[PDB]
$ cat run25.tsv   # TSV, C-alpha atoms and all ligand atoms
chain	number	residue	atom	x	y	z
X	1	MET	CA	7.60	164.46	34.11
X	2	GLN	CA	4.22	163.81	35.76
X	3	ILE	CA	1.67	161.13	34.99
X	4	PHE	CA	-1.63	160.48	36.67
X	5	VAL	CA	-3.01	157.17	37.94
X	6	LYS	CA	-6.76	156.78	38.58
X	7	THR	CA	-7.85	154.28	41.19
X	8	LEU	CA	-11.16	152.45	41.86
X	9	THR	CA	-11.12	154.13	45.29
X	10	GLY	CA	-11.73	157.48	43.57
X	11	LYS	CA	-8.19	158.86	43.68
X	12	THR	CA	-6.08	160.50	41.02
X	13	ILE	CA	-2.46	160.01	42.05
X	14	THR	CA	0.31	162.11	40.53
X	15	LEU	CA	3.59	160.34	39.93
X	16	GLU	CA	6.98	161.78	39.00
X	17	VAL	CA	8.41	159.53	36.26
X	18	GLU	CA	10.72	159.51	33.29
X	19	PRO	CA	10.22	158.01	29.77
X	20	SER	CA	12.76	155.25	30.57
X	21	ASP	CA	10.93	154.13	33.71
X	22	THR	CA	9.70	150.56	33.54
X	23	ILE	CA	6.16	149.63	34.48
X	24	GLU	CA	7.81	147.79	37.41
X	25	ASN	CA	9.24	151.13	38.51
X	26	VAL	CA	5.80	152.77	38.23
X	27	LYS	CA	4.20	150.01	40.34
X	28	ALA	CA	6.88	150.55	43.00
X	29	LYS	CA	5.92	154.28	43.06
X	30	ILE	CA	2.25	153.28	43.51
X	31	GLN	CA	3.23	150.99	46.38
X	32	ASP	CA	5.06	153.92	48.04
X	33	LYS	CA	2.06	156.27	47.59
X	34	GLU	CA	-0.89	153.91	48.11
X	35	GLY	CA	0.50	150.81	49.89
X	36	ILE	CA	-0.67	148.30	47.25
X	37	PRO	CA	1.71	145.40	46.54
X	38	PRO	CA	3.07	145.55	42.97
X	39	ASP	CA	2.09	141.93	42.34
X	40	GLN	CA	-1.63	142.86	42.72
X	41	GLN	CA	-1.40	145.96	40.46
X	42	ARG	CA	-2.38	146.08	36.80
X	43	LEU	CA	-1.96	149.28	34.81
X	44	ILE	CA	-4.07	150.19	31.81
X	45	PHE	CA	-3.29	152.89	29.23
X	46	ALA	CA	-5.88	153.55	26.49
X	47	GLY	CA	-7.24	150.04	27.14
X	48	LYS	CA	-3.85	148.34	26.84
X	49	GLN	CA	-2.43	146.16	29.61
X	50	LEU	CA	1.09	147.39	30.49
X	51	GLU	CA	3.81	144.82	30.95
X	52	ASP	CA	6.26	145.15	33.89
X	53	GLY	CA	9.50	145.01	31.88
X	54	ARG	CA	8.47	147.61	29.29
X	55	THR	CA	8.98	151.34	29.63
X	56	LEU	CA	6.66	154.30	29.48
X	57	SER	CA	8.50	155.25	26.23
X	58	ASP	CA	7.76	151.77	24.80
X	59	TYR	CA	4.02	152.59	25.14
X	60	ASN	CA	4.40	156.23	23.96
X	61	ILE	CA	3.21	157.40	27.42
X	62	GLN	CA	4.05	161.11	27.50
X	63	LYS	CA	3.82	163.94	30.00
X	64	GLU	CA	0.48	164.22	31.75
X	65	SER	CA	-0.85	160.89	30.49
X	66	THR	CA	-3.52	159.16	32.61
X	67	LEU	CA	-3.31	155.45	33.51
X	68	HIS	CA	-5.88	153.36	35.34
X	69	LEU	CA	-4.94	151.02	38.22
X	70	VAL	CA	-7.03	147.86	38.33
X	71	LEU	CA	-6.67	144.52	40.06
X	72	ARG	CA	-4.29	142.13	38.36
X	73	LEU	CA	-6.11	138.92	37.32
X	74	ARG	CA	-3.87	135.84	36.74
X	75	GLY	CA	-5.77	132.69	36.01
X	76	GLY	CA	-5.31	129.51	37.99
N	1	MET	CA	-36.80	156.74	30.30
N	2	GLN	CA	-33.94	156.90	32.87
N	3	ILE	CA	-31.10	154.46	33.32
N	4	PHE	CA	-28.23	154.65	35.80
N	5	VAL	CA	-24.58	154.08	34.95
N	6	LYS	CA	-22.13	153.36	37.73
N	7	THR	CA	-18.50	154.36	37.02
N	8	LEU	CA	-15.36	152.46	38.25
N	9	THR	CA	-15.39	154.70	41.34
N	10	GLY	CA	-19.08	153.94	42.05
N	11	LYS	CA	-20.33	157.43	40.91
N	12	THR	CA	-23.89	157.13	39.46
N	13	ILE	CA	-24.58	158.92	36.17
N	14	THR	CA	-28.32	159.33	35.38
N	15	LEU	CA	-29.09	159.17	31.61
N	16	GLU	CA	-32.26	159.99	29.66
N	17	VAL	CA	-32.54	157.21	27.05
N	18	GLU	CA	-35.03	155.36	24.89
N	19	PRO	CA	-35.52	151.60	24.35
N	20	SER	CA	-34.35	151.81	20.68
N	21	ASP	CA	-31.15	153.64	21.56
N	22	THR	CA	-27.96	151.81	20.59
N	23	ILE	CA	-25.16	151.20	23.07
N	24	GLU	CA	-23.07	153.53	20.85
N	25	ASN	CA	-25.72	156.22	21.51
N	26	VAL	CA	-25.48	155.65	25.25
N	27	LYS	CA	-21.69	155.93	25.07
N	28	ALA	CA	-22.06	159.23	23.12
N	29	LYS	CA	-24.26	160.43	25.99
N	30	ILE	CA	-21.49	159.54	28.48
N	31	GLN	CA	-18.92	161.31	26.23
N	32	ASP	CA	-21.06	164.48	26.10
N	33	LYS	CA	-21.50	164.37	29.87
N	34	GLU	CA	-18.18	163.07	31.13
N	35	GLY	CA	-15.75	163.58	28.13
N	36	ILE	CA	-14.70	159.93	28.05
N	37	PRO	CA	-14.13	158.86	24.41
N	38	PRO	CA	-16.60	156.11	23.45
N	39	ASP	CA	-13.51	154.08	22.17
N	40	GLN	CA	-12.49	153.82	25.88
N	41	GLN	CA	-15.90	152.91	27.36
N	42	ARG	CA	-17.25	149.42	28.02
N	43	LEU	CA	-20.74	148.94	29.38
N	44	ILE	CA	-21.87	145.91	31.38
N	45	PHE	CA	-25.46	144.92	32.25
N	46	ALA	CA	-25.99	142.03	34.67
N	47	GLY	CA	-22.47	140.84	33.86
N	48	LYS	CA	-22.89	140.93	30.08
N	49	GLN	CA	-20.65	143.01	27.81
N	50	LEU	CA	-22.79	145.31	25.66
N	51	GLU	CA	-22.05	145.63	21.94
N	52	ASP	CA	-22.17	149.08	20.37
N	53	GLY	CA	-24.61	148.22	17.56
N	54	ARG	CA	-27.26	146.55	19.76
N	55	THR	CA	-30.07	148.50	21.47
N	56	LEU	CA	-31.15	148.77	25.08
N	57	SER	CA	-34.28	146.78	24.25
N	58	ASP	CA	-32.13	144.07	22.61
N	59	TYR	CA	-30.57	143.50	26.08
N	60	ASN	CA	-33.90	143.81	27.94
N	61	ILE	CA	-32.57	146.97	29.64
N	62	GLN	CA	-35.65	148.48	31.10
N	63	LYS	CA	-36.46	151.79	32.77
N	64	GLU	CA	-34.44	152.33	36.01
N	65	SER	CA	-31.83	149.65	35.11
N	66	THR	CA	-28.26	150.00	36.32
N	67	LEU	CA	-25.25	149.48	34.03
N	68	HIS	CA	-21.56	149.51	34.89
N	69	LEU	CA	-19.04	151.61	32.95
N	70	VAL	CA	-15.68	149.86	32.89
N	71	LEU	CA	-12.52	150.10	30.76
N	72	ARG	CA	-12.67	148.86	27.17
N	73	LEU	CA	-9.77	146.43	27.36
N	74	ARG	CA	-7.87	145.81	24.16
N	75	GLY	CA	-4.81	144.02	22.79
N	76	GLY	CA	-1.51	145.70	21.90
T	1	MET	CA	-9.56	133.87	62.15
T	2	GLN	CA	-10.23	137.29	60.53
T	3	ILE	CA	-9.91	138.08	56.81
T	4	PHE	CA	-10.57	141.28	54.88
T	5	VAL	CA	-12.64	141.85	51.77
T	6	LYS	CA	-12.44	144.93	49.52
T	7	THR	CA	-15.65	146.04	47.81
T	8	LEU	CA	-15.84	147.08	44.14
T	9	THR	CA	-14.88	150.61	45.23
T	10	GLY	CA	-12.31	149.63	47.88
T	11	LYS	CA	-14.24	149.74	51.22
T	12	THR	CA	-12.80	147.18	53.66
T	13	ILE	CA	-15.13	144.51	55.20
T	14	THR	CA	-13.81	142.43	58.10
T	15	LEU	CA	-15.07	138.86	58.30
T	16	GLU	CA	-14.83	136.14	60.93
T	17	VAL	CA	-14.08	132.83	59.21
T	18	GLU	CA	-12.58	129.38	59.62
T	19	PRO	CA	-10.18	127.74	57.09
T	20	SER	CA	-12.81	125.17	56.24
T	21	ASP	CA	-15.33	127.84	55.19
T	22	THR	CA	-16.39	127.44	51.59
T	23	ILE	CA	-16.28	130.46	49.33
T	24	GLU	CA	-20.09	130.15	49.26
T	25	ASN	CA	-20.00	130.67	53.07
T	26	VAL	CA	-17.80	133.78	52.58
T	27	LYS	CA	-20.26	135.17	50.05
T	28	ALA	CA	-23.11	134.61	52.52
T	29	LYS	CA	-21.11	136.60	55.13
T	30	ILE	CA	-20.67	139.40	52.57
T	31	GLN	CA	-24.38	139.35	51.83
T	32	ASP	CA	-25.18	139.67	55.53
T	33	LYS	CA	-22.86	142.71	55.92
T	34	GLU	CA	-23.25	144.50	52.55
T	35	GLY	CA	-26.48	143.21	51.06
T	36	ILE	CA	-24.87	141.93	47.84
T	37	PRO	CA	-26.57	138.76	46.48
T	38	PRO	CA	-24.06	135.87	46.35
T	39	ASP	CA	-24.81	135.21	42.66
T	40	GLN	CA	-23.48	138.73	41.90
T	41	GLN	CA	-20.27	138.33	43.93
T	42	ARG	CA	-16.92	137.43	42.34
T	43	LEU	CA	-13.98	137.04	44.73
T	44	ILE	CA	-10.32	137.24	43.81
T	45	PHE	CA	-7.28	136.13	45.86
T	46	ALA	CA	-3.70	136.25	44.53
T	47	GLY	CA	-5.22	137.18	41.16
T	48	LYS	CA	-7.32	133.99	41.00
T	49	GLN	CA	-11.09	133.77	40.69
T	50	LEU	CA	-12.41	131.80	43.65
T	51	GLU	CA	-14.93	128.96	43.18
T	52	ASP	CA	-17.92	128.65	45.50
T	53	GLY	CA	-17.38	124.96	46.36
T	54	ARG	CA	-13.74	125.30	47.38
T	55	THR	CA	-12.53	126.38	50.84
T	56	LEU	CA	-10.29	129.14	52.17
T	57	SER	CA	-7.79	126.38	53.06
T	58	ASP	CA	-7.88	125.09	49.50
T	59	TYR	CA	-6.58	128.50	48.35
T	60	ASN	CA	-4.01	128.82	51.24
T	61	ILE	CA	-5.95	131.83	52.49
T	62	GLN	CA	-4.59	132.40	56.00
T	63	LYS	CA	-5.36	134.80	58.82
T	64	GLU	CA	-5.41	138.53	57.92
T	65	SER	CA	-5.52	137.80	54.13
T	66	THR	CA	-7.31	140.27	51.87
T	67	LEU	CA	-9.74	139.23	49.12
T	68	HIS	CA	-11.23	141.54	46.48
T	69	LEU	CA	-14.74	141.70	45.07
T	70	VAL	CA	-14.74	142.47	41.36
T	71	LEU	CA	-17.57	142.86	38.95
T	72	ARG	CA	-18.96	139.43	38.03
T	73	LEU	CA	-18.71	139.07	34.26
T	74	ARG	CA	-20.58	136.58	32.11
T	75	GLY	CA	-20.92	135.50	28.53
T	76	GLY	CA	-23.93	136.09	26.31
X	101	ZN	ZN	16.79	159.98	35.21
X	102	ZN	ZN	-11.84	156.08	34.58
X	103	ZN	ZN	-36.62	160.00	20.71
X	104	ZN	ZN	-23.48	146.81	40.25
X	105	ZN	ZN	-7.34	146.79	46.31
X	106	ZN	ZN	-17.25	126.00	63.03
$ encode --input "run25.tsv" --output "structure tokens" --more "lines below"
Ligand SMILES: [Zn+2]
Ligand SMILES: [Zn+2]
Ligand SMILES: [Zn+2]
Ligand SMILES: [Zn+2]
Ligand SMILES: [Zn+2]
Ligand SMILES: [Zn+2]
Amino acid sequence: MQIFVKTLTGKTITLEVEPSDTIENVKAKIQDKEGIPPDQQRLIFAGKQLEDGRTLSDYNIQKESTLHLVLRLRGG
Amino acid sequence: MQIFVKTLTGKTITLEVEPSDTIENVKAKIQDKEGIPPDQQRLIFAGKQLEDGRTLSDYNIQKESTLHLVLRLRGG
Amino acid sequence: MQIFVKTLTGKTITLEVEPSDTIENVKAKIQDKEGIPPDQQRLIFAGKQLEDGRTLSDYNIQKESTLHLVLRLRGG
């Protein structure tokens, strides 16, 4: 299925994914497409911060959903 | 009066507003223009997060001010 | 050495620096190139918000590192 990821650089990136894909998997796809290290990526869906070990299914992310890519902030 | 709203991508939206307008009103204006649900919009002025029930004049947002539209981050 | 800085919208700035440069020094370099007042700059490295009185060395920022500008948020 496809989802879309909006970047601060003004891009909408289409990704081919499955419900069972982890957020880690999605970040790896973004690295392939956009060259951004996964450890600097934060994904947002309807305001919610998506955790690496959860799946798209876990967040009820369905076909043609839009995510936003923002900078991951860590503290320290 | 006019204010300017910069999106995450740096696009400037020009809005016709009034000093007594609420932030909720301004977000409705962005929805009508851009189709972003107000629920998903966060506005920032000079670093400060703007609350929906307060007015532009409450925040000393004057003619020709610039706001930033960012994601309305939430738990869950 | 050289480092890179990404603007709010992902433009890349190249800076000449030394390890002993303070973050305040870096922000002055950014002001000279981009015009952004230092008091409005917030720099991130490895997800961490950088403090003006600390140095690049203090953050283990080495040659060819990338920093990001993000919107400077405040309370009130
Ligand atoms: Zn499969
Ligand atoms: Zn957006
Ligand atoms: Zn009126
Ligand atoms: Zn700004
Ligand atoms: Zn970046
Ligand atoms: Zn020197």
$ interface_residues --input "run25.tsv" --of "chain T" --to "chain N" --cutoff "8 Å" --atoms "all atoms listed in the file" --output "mmCIF file with C-alpha atoms, keeping the file's coordinate frame"
data_model
loop_
_atom_site.group_PDB
_atom_site.id
_atom_site.type_symbol
_atom_site.label_atom_id
_atom_site.label_comp_id
_atom_site.auth_asym_id
_atom_site.auth_seq_id
_atom_site.Cartn_x
_atom_site.Cartn_y
_atom_site.Cartn_z
ATOM 1 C CA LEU T 8 -15.840 147.080 44.140
ATOM 2 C CA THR T 9 -14.880 150.610 45.230
ATOM 3 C CA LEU T 71 -17.570 142.860 38.950
ATOM 4 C CA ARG T 72 -18.960 139.430 38.030
ATOM 5 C CA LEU T 73 -18.710 139.070 34.260
ATOM 6 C CA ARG T 74 -20.580 136.580 32.110
ATOM 7 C CA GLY T 75 -20.920 135.500 28.530
ATOM 8 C CA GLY T 76 -23.930 136.090 26.310
#
$ atom_distance --input "run25.tsv" --atom1 "CA of residue 54 in chain N" --atom2 "CA of residue 18 in chain N"
12.8 Å
$ residues_around --input "run25.tsv" --residues "residue 19 in chain N" --least-positions-apart "4" --cutoff "10 Å" --atoms "all atoms listed in the file" --output "compact mmCIF listing (two decimals) with C-alpha atoms, keeping the file's coordinate frame"
# COMPACT_ATOMS: atom_id res chain seq x y z
CA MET N 1 -36.80 156.74 30.30
CA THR N 55 -30.07 148.50 21.47
CA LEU N 56 -31.15 148.77 25.08
CA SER N 57 -34.28 146.78 24.25
CA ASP N 58 -32.13 144.07 22.61
CA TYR N 59 -30.57 143.50 26.08
CA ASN N 60 -33.90 143.81 27.94
CA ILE N 61 -32.57 146.97 29.64
CA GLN N 62 -35.65 148.48 31.10
CA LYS N 63 -36.46 151.79 32.77
$ residues_near_ligand --input "run25.tsv" --ligand "ligand ZN 103 (chain X)" --cutoff "9 Å" --atoms "all atoms listed in the file" --output "VMD selection string"
chain N and resid 17 to 18 20 to 21
$ closest_residue --input "run25.tsv" --among "N:41, N:25, N:2, N:14" --to "ligand ZN 102 (chain X)" --atoms "only C-alpha atoms and all ligand atoms"
N:41
$ atom_distance --input "run25.tsv" --atom1 "CA of residue 36 in chain T" --atom2 "CA of residue 67 in chain T"
15.4 Å
$ atom_distance --input "run25.tsv" --atom1 "CA of residue 39 in chain X" --atom2 "CA of residue 69 in chain X"
12.2 Å
$ closest_residue --input "run25.tsv" --among "N:30, N:5, N:15, N:23" --to "ligand ZN 104 (chain X)" --atoms "all atoms listed in the file"
N:5
$ closest_residue --input "run25.tsv" --among "X:3, X:66, X:22, X:40" --to "ligand ZN 105 (chain X)" --atoms "all atoms listed in the file"
X:40
